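Notes follow once the structure below has been shown.
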Amino acid sequence: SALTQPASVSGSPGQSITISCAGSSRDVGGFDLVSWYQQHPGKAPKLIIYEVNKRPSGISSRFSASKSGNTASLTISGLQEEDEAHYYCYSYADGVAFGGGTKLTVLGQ
Amino acid sequence: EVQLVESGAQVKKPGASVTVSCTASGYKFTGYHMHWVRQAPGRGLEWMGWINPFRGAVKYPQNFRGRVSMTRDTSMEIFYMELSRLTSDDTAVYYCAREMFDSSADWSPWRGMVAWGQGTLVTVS
Amino acid sequence: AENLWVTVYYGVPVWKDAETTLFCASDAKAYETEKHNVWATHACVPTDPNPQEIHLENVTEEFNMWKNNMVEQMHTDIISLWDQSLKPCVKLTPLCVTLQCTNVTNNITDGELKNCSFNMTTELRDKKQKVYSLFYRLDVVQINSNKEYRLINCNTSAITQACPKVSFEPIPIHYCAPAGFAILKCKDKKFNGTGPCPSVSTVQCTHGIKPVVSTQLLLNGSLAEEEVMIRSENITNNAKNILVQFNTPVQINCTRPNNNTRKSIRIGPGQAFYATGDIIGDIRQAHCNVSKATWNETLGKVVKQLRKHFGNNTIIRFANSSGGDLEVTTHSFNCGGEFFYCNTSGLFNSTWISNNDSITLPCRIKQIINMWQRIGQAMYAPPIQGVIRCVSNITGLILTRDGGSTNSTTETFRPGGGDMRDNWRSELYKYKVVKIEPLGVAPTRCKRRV
Amino acid sequence: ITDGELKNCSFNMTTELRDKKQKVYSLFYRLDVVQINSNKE
Amino acid sequence: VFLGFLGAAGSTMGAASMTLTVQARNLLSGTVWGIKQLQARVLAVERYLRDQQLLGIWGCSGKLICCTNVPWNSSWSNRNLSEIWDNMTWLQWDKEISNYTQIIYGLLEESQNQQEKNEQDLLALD
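Residue numbers (the deposited numbering), protein chains in the order written: chain N, 2 to 9, 11 to 27, 27A to 27C, 28 to 94, 96 to 109; chain M, 1 to 52, 52A, 53 to 82, 82A to 82C, 83 to 100, 100A to 100I, 101 to 112; chain F, 31 to 140, 152 to 185, 187 to 309, 312 to 321, 321A, 322 to 398, 411 to 505; chain H, 138 to 140, 152 to 185, 187 to 190; chain A, 518 to 547, 569 to 664.
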């Protein structure tokens, strides 16, 4: 593949979530180029965050991301069903790094 | 507002290749990098190639070069791509998407897919 | 006594970073190649008989060849000599009358071109004119009985024929500056680009530059100093254009062994259209005899400058351009007033191990061009009477690189990019514009009168 | 009805190709056109 | 040893105040495909007449060197004299005044010739 996404993630209706995106100092540490996404299972996506932490005009203020060295993150607080979607990341890497697919399930088993 | 509009649905048999497009309007076509990426339902997105519409520069991975040929038109205003040599493991919903920071002189980067097509489905069995 | 003042000086060696406009200079001599102002040398003013270069010790100005505002100033010139040798010639919208084309008069062995024919007007208004020409199957395309054709631009652009007087041979031009502005030159050998250059030199007129319409490679250009220049704004970004500048020229023998006849078609009054006269006898397509000895020579030089960029024991691949229009995939260059594209697949293909004849390249011909994508103003390149042998110094190269793939085990490389701002930059990589601030101050013990 | 002040006006016109002619109708306001001196043209 | 134009680039301020008639002499120096010349030269005397303008309003007029009657306001980075003329260059000097020369320059003109030349019409009359 070309991007380290987690196997499966989970969250509850009425709470909150956040995701870690970790790498090396050659990909995230030195290049201000990290963008984030949200997409309902099978729908048209739309850019959530670009350049570490900037949203397009039309994206909710409930979204905001970060870059801490080699460990970047996006954070969502106050979960609604607006967020019952699959989640992806993106990172600077020569040509392009592409993620492997993080499935949103229910944790507890 | 500007849009990226793809075609409908096409179903095929093994040993084939499919015409899938994504036209554009609302801006000056010549300066927008464009990618073809494919998604598995609820899984992830895998990259196959990108295009510089300024004279047509394209590039693929290495499980694709030779299979993928990819082009556009600058006055008919449309993007194309055709992945050749189809197996039953090449079914996906293919998305055209444009980068965040292009221009007509300097370049960078690889980020930010704001405008998305609706997704074109290709099936092989 | 001990209460300091301020003292004013004029003509202090001081400068800053600022961008502005230059002017052309082609000596008192280039005017005499004539051909009714080849390219651009007409009203432009002759050069001063000695371009004074002054070397600077202990000067570390921070340079920039990429965001350099002169690489863009250069790209704008080729459009206006066009326009001011375009708007006053023959506009050719009557040329979008349907054509009848066919594989030419041969023993078949197919044919790339077509023996066409179609309808036009003449000196008189009522009466008109049919006349036949020969077009490359690239210049034309079908439409719907036999196969019927029409010109390729008519579904995009109206067309204006150029004038055969103005020759499109790229003509050298010096870039010169006036008072308050000047030009830096980082003549240094091992110059890595970004930032301070320890041995700056300054000039009024740059070394002469040729506006060669050349993608991928560069011809008739500027050789490097010492090692081979290998530049890229971001080598870890394959969308960044990577450009080469050799110190050694590779020989090329481009030609087009055809005696062309210029049919003078009256479609005005006045306006004279040129049709492909009956090409003389035996049929051969344009080519270039490239000295394979000189080709593989500069090949081994640069390749060995690249294993230093990746570990210690590696595997390095080479292939042709992964895709692009003729300017990108092929080697594009003007050759005598016409345009050649020589299929660079016969250049990029190799792998060697750890312990007389000539390659030659197949070249296509393109006359109808919508170049500069100025939709609203496309043109026709007039035909050239005379076989066009053309030698030049193969000077540069434009290429990119693949993506992720399987790591360490290998990684591949191929030409591309195309965008001419690099080819233009290969002639301006060592220059930087500054402005002079001749006022200087200091606190001495000096007082005037009150 | 529920009225017209505008018309549905068909006409022929020279297209990209010099030989091909084109059918197309437009709509204009009563100020952009004028009758010259049966239906009206 | 005649080092050229701005050849005293990275040399001491004292030595670099010698050739004051070298970076000021050639600051004036005595259709299409022609717009280029007639455009660029409109900038030559704009960044030269500015100097023929400013010397006149200071205690200068007479070209090259000319002193002032103004307090060096010691809020500026004042330094020892044997650490200025003896050792500094005209390229290291101007980098210091950068952050505040827009506050600095409001004096020679606003103070000296606004008053030191109004001590001359508090001189010559009665």
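Ideal Cβ positions, reconstructed from N, Cα and C, are used throughout, including at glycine.
Q) Between the C-alpha atoms of residue 650 of chain A and residue 664 of chain A, what's the straight-line distance to the nearest angstrom? A) 23 Å
Q: For residue 165 of chain H, decide whether its Cβ has a neighbour in chain F, counting only Cβ atoms nearer than 8 Å.
A: yes
Q: Note down the Cα distance separating residue 254 of chain F from residue 73 of chain M, rounded to an integer number of angstroms.
A: Approximately 25 Å, taken between the alpha carbons.
Q. At least one CB of chain N closer than 8 Å to the CB of residue 61 of chain M: is that the case?
A. no
Q. Which residues, in chain order, does the segment 48-72 of chain N contribute to contact with chain M at a C-beta distance below 8 Å?
A. 49, 50 and 55
Q: Quickly, what does DSSP pair residue 379 of chain F with across the bridge? List them, please.
A: DSSP lists F/381 as partners of residue 379 of chain F.
**Q.** Close-in-space but distant-in-sequence residues of the same chain around residue 76 of chain M (CB under 7 Å, 5 per side omitted)
**A.** 23, 24, 25 and 29
Q) Would you report the Cα separation of residue 27A of chain N and residue 108 of chain M, rounded to the nearest angstrom? A) 36 Å
Q | Contact list for the segment 455-466 of chain F against chain M, Cβ threshold 8 Å | A | 455, 457, 458, 459, 460 and 461
**Q.** C-alpha gap between residue 442 of chain F and residue 77 of chain F, whole angstroms
**A.** 33 Å
Q) For the segment 327-345 of chain F against the segment 188-201 of chain F, are there 3 or more C-beta pairs whose distance is under 8 Å? A) no
**Q.** Where residue 167 of chain H falls, given that 16 or more other Cβ within 10 Å makes a residue buried
**A.** exposed
Q) Apart from the five residues just before and just after residue 322 of chain F, which ones in its own chain have a Cβ nearer than 8 Å to its Cβ? A) 175, 300, 301, 302 and 303.
Q. Is it the case that the Cβ atoms of residue 243 of chain F and residue 229 of chain F are separated by a distance below 8 Å?
A. Taking 8 Å as the Cβ cut-off, residue 243 of chain F and residue 229 of chain F qualify as a contacting pair.
Q: Give me the Cβ distance between residue 288 of chain F and residue 361 of chain F, rounded to the nearest whole Å; I'm assuming they're in contact under 8 Å.
A: At roughly 17 Å, the Cβ-Cβ gap does not stay under 8 Å, so residue 288 of chain F and residue 361 of chain F are not in contact.
Q: Could you name the residues of the same chain whose beta carbon sits closer than 7 Å to that of residue 49 of chain F, not counting the 5 residues immediately before and after it, in chain order?
A: 99 and 488
Q. In this structure, does DSSP put residue 543 of chain A in helix, strand or coil?
A. coil
Q: For the segment 618-642 of chain A, enumerate the residues whose C-beta is nearer than 8 Å to any C-beta of chain F, in chain order.
A: Of all residues in the segment 618-642 of chain A, the ones placed with a Cβ closer than 8 Å to any Cβ belonging to chain F are 622, 623, 628, 629, 631, 632 and 635, in chain order.
Q: Could you list which residues in chain F have their beta carbon closer than 8 Å to that of residue 530 of chain A, in chain order?
A: 497
Q.
Checking 8 Å against the spacing of the C-beta atoms, do residue 157 of chain F and residue 196 of chain F come in under that value?
A. Not closer than 8 Å, so no.
Q) What do you reckon, are the CB atoms on residue 606 of chain A and residue 646 of chain A nearer than 8 Å? A) yes
Q: Please list the partners that residue 53 of chain M has in chain F, where partner means a Cβ-to-Cβ separation under 7 Å.
A: Counting only Cβ-Cβ distances below 7 Å, residue 53 of chain M has contacts in chain F at 474, in chain order.
Q | Proximal residues of chain F, C-beta to C-beta of residue 57 of chain M below 8 Å | A | 365, 366 and 367
Q. Which full runs of the alpha helix (DSSP H) of 4+ residues lie inside the segment 582-621 of chain A, going along the chain?
A. 584-595
Q: Please determine if the segment 197-216 of chain F and the segment 524-539 of chain A are in contact, where contact requires at least 3 C-beta pairs separated by less than 8 Å.
A: The segment 197-216 of chain F, when compared against the segment 524-539 of chain A, does not touch it at the 8 Å Cβ threshold.
Q: Compare the Cα-Cα distances from residue 11 of chain M to each of M/82C, M/62 and M/39 and report the closest residue.
A: M/82C
Q | Cβ shell of residue 599 of chain A (< 8 Å), same chain only, five flanking positions each side left out | A | 593
Q. If the cut is a Cβ gap below 7 Å, which residues of chain N does residue 280 of chain F touch?
A. 93 and 94
Q | Beta-bridge pairing of residue 60 of chain M - partner residues as DSSP gives them | A | For residue 60 of chain M, which the question treats as bridged, DSSP gives no partner whatsoever.
Q: Flag residue 502 of chain F as yes if its beta-carbon sits less than 8 Å from any beta-carbon of chain A, otherwise no.
A: yes
Q. Which of helix, strand or coil does DSSP assign to residue 533 of chain A?
A. helix
Q) On the three-state DSSP scale, how would you describe residue 2 of chain F? A) In this structure chain F extends from 31 to 505, so residue 2 of chain F is not present and cannot be described.
Q: Counting only the same chain and skipping the five closest in sequence on each side, list residues whose C-beta sits under 6 Å from that of residue 172 of chain F.
A: 307 and 319
**Q.** Entirely enclosed alpha helix (DSSP H) segments - the segment 33-113 of chain F, minimum 4 residues
**A.** 99-105 and 107-113
Q.
Can you find the residues in the same chain that come closer than 6 Å, C-beta to C-beta, to residue 46 of chain M, ignoring five residues on each side of it along the sequence?
A. For residue 46 of chain M, where only same-chain residues beyond five positions count, the Cβ hits under 6 Å are 38.
Q | Through-space distance from residue 136 of chain F to residue 169 of chain F, alpha-carbon basis | A | Within the model, the alpha-carbon separation for residue 169 of chain F versus residue 136 of chain F is close to 30 Å.
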